[PDB]
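In what follows, a single structure is set out as structure tokens and then discussed.
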Number of protein chains: 2
Amino acid sequence: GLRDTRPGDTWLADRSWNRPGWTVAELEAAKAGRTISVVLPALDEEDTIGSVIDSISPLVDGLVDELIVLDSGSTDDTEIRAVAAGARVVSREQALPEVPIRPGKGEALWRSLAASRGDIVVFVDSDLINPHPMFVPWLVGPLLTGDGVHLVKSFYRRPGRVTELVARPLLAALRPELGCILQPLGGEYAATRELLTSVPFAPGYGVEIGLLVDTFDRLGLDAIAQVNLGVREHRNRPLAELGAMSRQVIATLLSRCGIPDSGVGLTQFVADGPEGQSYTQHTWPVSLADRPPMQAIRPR
Amino acid sequence: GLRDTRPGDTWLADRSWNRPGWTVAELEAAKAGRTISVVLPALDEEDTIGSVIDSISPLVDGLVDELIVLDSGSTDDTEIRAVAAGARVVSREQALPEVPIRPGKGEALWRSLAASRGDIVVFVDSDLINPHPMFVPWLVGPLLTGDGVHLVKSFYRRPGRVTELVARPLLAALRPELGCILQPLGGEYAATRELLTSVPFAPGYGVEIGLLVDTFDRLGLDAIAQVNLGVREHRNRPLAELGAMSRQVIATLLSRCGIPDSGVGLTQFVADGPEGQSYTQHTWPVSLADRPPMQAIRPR
């Protein structure tokens, strides 16, 4: 099982595994009228985004029906670079003009539901480095092989601190059946539109874990598969942000578990100097505000 | 306040500060009949323990009435090295022979209450490197200057991952008034015996945060002071243990907050190789079992 795993392998809930034998052509044939959107959330990702798009471009009008970059207020060259590589770029405003924007990653993913039309939506972060072209096929695989899977999470080898110290231990504590999930915070995952538009979306960095727990709570572990992506490189998230990320993962998880979170942000005390003679006090915002199911806003 | 702080400085709850002007002699005079124990919990600390003891030895029979190493089942030379440096060594068994031993740090600190007699107890970890001789005087300071302080936590400049990503964000969420606590997990702190023997002790790595929250819940923030220790070096805790530590901090904190923790330990999935072709599954134990107030077991 986890003693012999090759990129593409699928772990189902009942501890059973599957090693896919389809070609991308064969996968495309298995769509059976269903459509697939790929969504790349992006915020100031000009160095890496073209490369990510390039790894997926070759599928467009084949396995992948549409490829969308959801631009979350970039001020660098993210937009023009994405267009040049052949992706459709949609801003937060364009995705859903009739709702004011809130900050954070979750907002962008939620808005991408309104911008996309695929019966299946695959999310891929636009800060991946050298992403394997099979990422998307591997993620859609368990969805097209009809066995009641609605959400496909990925796992991978880092060529993790908030995952290993915050998300996974808090899941053991509060949703222990989800202890089998190797990468609960991972930005590479696929789900059915029917699932995605039926659940609230957590704000900021709470989005991935929010979706995992909501899916589990509503459909059980059987609706969730995990796919080995193998080695996955990406850009380093800055170390300063990790406390804020942890705080938001906690807020989201507590809220899903029915535990009142204070809504008070993390105050970090940053030493001004090596002697620890003064500290700068930096309070990061945290949000308890989900977005409602997209079916409540822009229903199909 | 935190804009100009020198080792020794005390932050009280009402955001007020104090810069101590006493000599160690003057502090000793202020004891007014009260006694002071220093307790060094130790587990396989033969390289560092003599040095720690040496930093405190000069106070014994003066400010410090007794210095005890609580040996938690060392199999290296911790015991003989501590004796050679002039500390009294007490095993878990010797401290409280009539109660079976449970594993973990909290057990050792709890048992040290039975082994010690001081009206004030100061805890100092035996894996400090080059600890400043004033650590103990600085920690006892706010206790001897009678203003309703019962627990003195320290803060310091690291010359932190579970503190910064787990303990402090979870405190913001569940006990936001404790957001002002810079180092909630720190092993250097002092408290009155009346407090220490009146509260349950959390197991394993939950002990420090358990005491902080119990004190806050019972006596409010006014009973808690923080003292700047300045730069504090210690030995690196191995990286593999951090998930288990986080899991226990979570269990302890949830339990104090009235939230049912599943009691399921963290399962870590450790890649066997760089390709992520197999994973080793390692499940760390977690405990939900406090020890009762020592007053219920070996009352004074």
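Labels for the structure tokens follow display order: chains A, B, ..., residues from 1 in each chain, ligands from 1.
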I want to know what sits within 9 Å of residue 280 (chain B), based on only C-alpha atoms, with residues of the same chain fewer than 3 positions away left out; could you give that as a PDB file with N, CA and C atoms, in the first residue's frame?
ATOM      1  N   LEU A   2       1.126   1.826   1.197  1.00  0.00           N
ATOM      2  CA  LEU A   2       2.179   2.850   1.311  1.00  0.00           C
ATOM      3  C   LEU A   2       3.592   2.232   1.363  1.00  0.00           C
ATOM      4  N   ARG A   3       3.682   0.901   1.266  1.00  0.00           N
ATOM      5  CA  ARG A   3       4.981   0.201   1.170  1.00  0.00           C
ATOM      6  C   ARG A   3       5.524   0.121  -0.264  1.00  0.00           C
TER       7      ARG A   3
ATOM      8  N   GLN B 268       2.341   9.930  11.939  1.00  0.00           N
ATOM      9  CA  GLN B 268       3.151  10.588  10.944  1.00  0.00           C
ATOM     10  C   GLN B 268       3.523   9.593   9.825  1.00  0.00           C
ATOM     11  N   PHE B 269       3.569  10.096   8.612  1.00  0.00           N
ATOM     12  CA  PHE B 269       3.919   9.299   7.438  1.00  0.00           C
ATOM     13  C   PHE B 269       5.255   9.793   6.945  1.00  0.00           C
ATOM     14  N   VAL B 270       6.283   9.035   7.286  1.00  0.00           N
ATOM     15  CA  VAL B 270       7.653   9.425   7.021  1.00  0.00           C
ATOM     16  C   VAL B 270       8.172   8.785   5.731  1.00  0.00           C
ATOM     17  N   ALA B 271       8.588   9.605   4.751  1.00  0.00           N
ATOM     18  CA  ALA B 271       8.998   9.083   3.450  1.00  0.00           C
ATOM     19  C   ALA B 271      10.231   8.197   3.657  1.00  0.00           C
ATOM     20  N   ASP B 272      10.234   7.023   3.042  1.00  0.00           N
ATOM     21  CA  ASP B 272      11.343   6.069   3.215  1.00  0.00           C
ATOM     22  C   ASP B 272      12.558   6.437   2.391  1.00  0.00           C
TER      23      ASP B 272
END
May I have all residues of region 164-292 of chain B that DSSP, computed from the backbone, assigns to strand (DSSP E or B), given as a list in words?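 Filtering region 164-292 of chain B down to strand (DSSP E or B) leaves residues 189, 190, 191, 192, 201, 224, 225, 226, 227, 228, 229, 230, 231, 233, 234, 267, 268, 269, 270, 271, 279, 280, 281, 282, 283 and 291 of chain B.
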Output N, CA, C and O atoms for every residue in the selection just made, as a compact mmCIF listing (two decimals), in the first residue's frame.
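The file below, result.txt, is the result:
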# COMPACT_ATOMS: atom_id res chain seq x y z
N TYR B 189 10.32 28.80 34.90
CA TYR B 189 9.20 29.51 35.55
C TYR B 189 9.20 29.21 37.03
O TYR B 189 9.85 28.28 37.47
N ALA B 190 8.51 30.05 37.80
CA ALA B 190 8.48 29.93 39.25
C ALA B 190 7.03 30.08 39.68
O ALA B 190 6.24 30.79 39.05
N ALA B 191 6.67 29.37 40.74
CA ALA B 191 5.33 29.50 41.27
C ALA B 191 5.28 29.18 42.77
O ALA B 191 6.19 28.54 43.33
N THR B 192 4.20 29.62 43.42
CA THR B 192 4.01 29.29 44.83
C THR B 192 3.57 27.84 44.97
O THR B 192 2.86 27.30 44.12
N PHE B 201 -1.80 18.40 37.13
CA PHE B 201 -0.66 18.56 36.22
C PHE B 201 -0.90 17.78 34.95
O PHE B 201 -1.19 16.58 34.98
N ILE B 224 -0.22 36.36 37.12
CA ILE B 224 0.83 35.85 36.22
C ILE B 224 1.75 36.99 35.80
O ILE B 224 1.27 38.05 35.36
N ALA B 225 3.06 36.82 36.01
CA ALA B 225 4.03 37.85 35.57
C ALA B 225 4.91 37.20 34.51
O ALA B 225 4.98 35.99 34.41
N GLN B 226 5.58 38.03 33.71
CA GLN B 226 6.58 37.50 32.77
C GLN B 226 7.91 38.24 33.02
O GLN B 226 7.91 39.44 33.26
N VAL B 227 9.02 37.49 33.01
CA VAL B 227 10.35 38.07 33.24
C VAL B 227 11.25 37.83 32.04
O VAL B 227 11.37 36.68 31.55
N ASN B 228 11.91 38.89 31.60
CA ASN B 228 12.87 38.80 30.54
C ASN B 228 14.14 38.12 31.06
O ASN B 228 14.84 38.69 31.94
N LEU B 229 14.47 36.97 30.48
CA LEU B 229 15.75 36.30 30.79
C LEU B 229 16.87 36.69 29.83
O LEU B 229 18.03 36.34 30.07
N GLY B 230 16.53 37.46 28.79
CA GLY B 230 17.51 37.92 27.77
C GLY B 230 17.77 36.79 26.80
O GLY B 230 16.86 36.06 26.45
N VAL B 231 19.02 36.59 26.42
CA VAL B 231 19.37 35.52 25.49
C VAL B 231 19.45 34.19 26.24
O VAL B 231 20.13 34.08 27.27
N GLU B 233 20.24 30.18 25.52
CA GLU B 233 20.60 29.04 24.68
C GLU B 233 20.27 27.70 25.35
O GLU B 233 20.29 27.57 26.57
N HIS B 234 19.98 26.71 24.51
CA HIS B 234 19.68 25.36 24.97
C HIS B 234 20.00 24.36 23.85
O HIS B 234 20.37 24.77 22.74
N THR B 267 -0.51 10.18 13.75
CA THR B 267 0.23 9.21 12.91
C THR B 267 1.02 10.06 11.90
O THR B 267 0.45 10.86 11.13
N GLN B 268 2.34 9.93 11.94
CA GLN B 268 3.15 10.59 10.94
C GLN B 268 3.52 9.59 9.82
O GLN B 268 3.73 8.43 10.07
N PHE B 269 3.57 10.10 8.61
CA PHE B 269 3.92 9.30 7.44
C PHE B 269 5.26 9.79 6.95
O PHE B 269 5.37 10.83 6.28
N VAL B 270 6.28 9.03 7.29
CA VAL B 270 7.65 9.43 7.02
C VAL B 270 8.17 8.78 5.73
O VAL B 270 8.24 7.54 5.61
N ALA B 271 8.59 9.60 4.75
CA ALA B 271 9.00 9.08 3.45
C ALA B 271 10.23 8.20 3.66
O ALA B 271 11.09 8.54 4.47
N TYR B 279 6.21 4.86 2.57
CA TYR B 279 6.19 5.67 3.77
C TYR B 279 6.13 4.77 4.98
O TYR B 279 5.46 3.72 4.98
N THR B 280 6.88 5.15 5.99
CA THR B 280 6.81 4.50 7.27
C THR B 280 5.72 5.22 8.10
O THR B 280 5.67 6.45 8.20
N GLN B 281 4.85 4.44 8.73
CA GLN B 281 3.75 4.98 9.54
C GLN B 281 4.16 4.91 11.02
O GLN B 281 4.39 3.81 11.55
N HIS B 282 4.29 6.06 11.66
CA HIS B 282 4.72 6.13 13.04
C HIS B 282 3.66 6.87 13.88
O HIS B 282 3.45 8.07 13.68
N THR B 283 3.03 6.15 14.81
CA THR B 283 1.96 6.75 15.66
C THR B 283 2.53 7.03 17.04
O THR B 283 2.95 6.13 17.75
N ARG B 291 -2.47 14.35 36.19
CA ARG B 291 -2.36 13.94 37.62
C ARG B 291 -3.19 14.93 38.45
O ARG B 291 -3.31 16.11 38.08
Min atom-atom distance to residue 193 (chain B) from the set B:132, B:232, B:153, B:34, counting only C-alpha atoms, belongs to B:34
For chain B, which residues have at least one atom within 6 Å of chain A, if we go by only C-alpha atoms? Write them as a ChimeraX atom specification, please. /B:2-6,157,165,169,172-173,230,243,246-247,261-262,264,266,276-279
Suppose we keep N, CA and C atoms; can you now write the selection as a PDB file, in the first residue's frame?
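What follows is the written file selection11.pdb:
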ATOM      1  N   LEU B   2       7.835  46.829  25.990  1.00  0.00           N
ATOM      2  CA  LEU B   2       8.628  45.951  25.113  1.00  0.00           C
ATOM      3  C   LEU B   2       9.496  46.748  24.118  1.00  0.00           C
ATOM      4  N   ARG B   3       9.449  48.082  24.197  1.00  0.00           N
ATOM      5  CA  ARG B   3      10.332  48.954  23.391  1.00  0.00           C
ATOM      6  C   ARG B   3      11.708  49.185  24.031  1.00  0.00           C
ATOM      7  N   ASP B   4      11.828  48.838  25.326  1.00  0.00           N
ATOM      8  CA  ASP B   4      13.092  49.000  26.049  1.00  0.00           C
ATOM      9  C   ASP B   4      13.096  48.015  27.218  1.00  0.00           C
ATOM     10  N   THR B   5      13.649  46.825  26.966  1.00  0.00           N
ATOM     11  CA  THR B   5      13.629  45.769  27.993  1.00  0.00           C
ATOM     12  C   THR B   5      15.011  45.141  28.192  1.00  0.00           C
ATOM     13  N   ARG B   6      15.315  44.931  29.621  1.00  0.00           N
ATOM     14  CA  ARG B   6      16.741  44.514  29.852  1.00  0.00           C
ATOM     15  C   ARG B   6      16.469  43.292  30.663  1.00  0.00           C
ATOM     16  N   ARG B 157      15.240  35.668  24.182  1.00  0.00           N
ATOM     17  CA  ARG B 157      15.595  35.710  22.812  1.00  0.00           C
ATOM     18  C   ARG B 157      16.322  34.420  22.496  1.00  0.00           C
ATOM     19  N   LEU B 165       3.833  28.292  16.182  1.00  0.00           N
ATOM     20  CA  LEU B 165       2.800  27.785  15.230  1.00  0.00           C
ATOM     21  C   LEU B 165       1.636  27.064  15.933  1.00  0.00           C
ATOM     22  N   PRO B 169      -0.836  30.416  18.589  1.00  0.00           N
ATOM     23  CA  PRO B 169      -2.109  30.542  17.801  1.00  0.00           C
ATOM     24  C   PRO B 169      -3.342  29.881  18.480  1.00  0.00           C
ATOM     25  N   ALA B 172      -4.463  32.243  21.193  1.00  0.00           N
ATOM     26  CA  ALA B 172      -5.237  33.355  20.601  1.00  0.00           C
ATOM     27  C   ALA B 172      -6.691  32.912  20.375  1.00  0.00           C
ATOM     28  N   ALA B 173      -6.845  31.668  19.910  1.00  0.00           N
ATOM     29  CA  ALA B 173      -8.183  31.139  19.539  1.00  0.00           C
ATOM     30  C   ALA B 173      -9.041  30.859  20.776  1.00  0.00           C
ATOM     31  N   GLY B 230      16.535  37.462  28.791  1.00  0.00           N
ATOM     32  CA  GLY B 230      17.506  37.920  27.775  1.00  0.00           C
ATOM     33  C   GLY B 230      17.770  36.793  26.797  1.00  0.00           C
ATOM     34  N   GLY B 243       6.051  16.976  16.041  1.00  0.00           N
ATOM     35  CA  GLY B 243       4.641  16.630  15.814  1.00  0.00           C
ATOM     36  C   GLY B 243       3.972  16.057  17.056  1.00  0.00           C
ATOM     37  N   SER B 246       3.499  18.838  19.616  1.00  0.00           N
ATOM     38  CA  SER B 246       2.334  19.637  19.179  1.00  0.00           C
ATOM     39  C   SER B 246       1.031  18.951  19.506  1.00  0.00           C
ATOM     40  N   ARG B 247       0.941  17.651  19.201  1.00  0.00           N
ATOM     41  CA  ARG B 247      -0.240  16.869  19.487  1.00  0.00           C
ATOM     42  C   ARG B 247      -0.612  16.875  20.987  1.00  0.00           C
ATOM     43  N   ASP B 261     -11.117  15.978  23.343  1.00  0.00           N
ATOM     44  CA  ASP B 261     -10.060  15.579  22.404  1.00  0.00           C
ATOM     45  C   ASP B 261     -10.294  14.091  22.173  1.00  0.00           C
ATOM     46  N   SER B 262     -10.107  13.656  20.938  1.00  0.00           N
ATOM     47  CA  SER B 262     -10.358  12.255  20.592  1.00  0.00           C
ATOM     48  C   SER B 262      -9.466  11.253  21.351  1.00  0.00           C
ATOM     49  N   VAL B 264      -6.741  10.228  20.153  1.00  0.00           N
ATOM     50  CA  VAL B 264      -6.054   9.489  19.102  1.00  0.00           C
ATOM     51  C   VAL B 264      -4.696  10.151  18.816  1.00  0.00           C
ATOM     52  N   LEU B 266      -1.134  11.312  17.019  1.00  0.00           N
ATOM     53  CA  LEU B 266      -0.730  11.698  15.678  1.00  0.00           C
ATOM     54  C   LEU B 266      -0.024  10.539  14.949  1.00  0.00           C
ATOM     55  N   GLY B 276       9.664   9.217  -2.562  1.00  0.00           N
ATOM     56  CA  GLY B 276       8.325   9.107  -1.934  1.00  0.00           C
ATOM     57  C   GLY B 276       7.572   7.868  -2.436  1.00  0.00           C
ATOM     58  N   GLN B 277       8.313   6.774  -2.636  1.00  0.00           N
ATOM     59  CA  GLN B 277       7.789   5.481  -3.096  1.00  0.00           C
ATOM     60  C   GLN B 277       7.251   4.546  -1.997  1.00  0.00           C
ATOM     61  N   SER B 278       7.559   4.850  -0.739  1.00  0.00           N
ATOM     62  CA  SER B 278       7.020   4.129   0.406  1.00  0.00           C
ATOM     63  C   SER B 278       7.115   5.041   1.614  1.00  0.00           C
ATOM     64  N   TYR B 279       6.214   4.864   2.567  1.00  0.00           N
ATOM     65  CA  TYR B 279       6.193   5.673   3.770  1.00  0.00           C
ATOM     66  C   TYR B 279       6.130   4.772   4.979  1.00  0.00           C
TER      67      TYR B 279
END
Which residue gives the smallest distance to residue 49 (chain A) among A:235, A:212, A:197, A:115, with only C-alpha atoms counted?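 Residue with the minimum atom-to-atom distance to residue 49 (chain A): A:235.
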Rounded to one decimal in Å, what is the spacing between CA of residue 289 (chain B) and CA of residue 96 (chain B)?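 CA of residue 96 (chain B) lies at a distance of 17.9 Å from CA of residue 289 (chain B).
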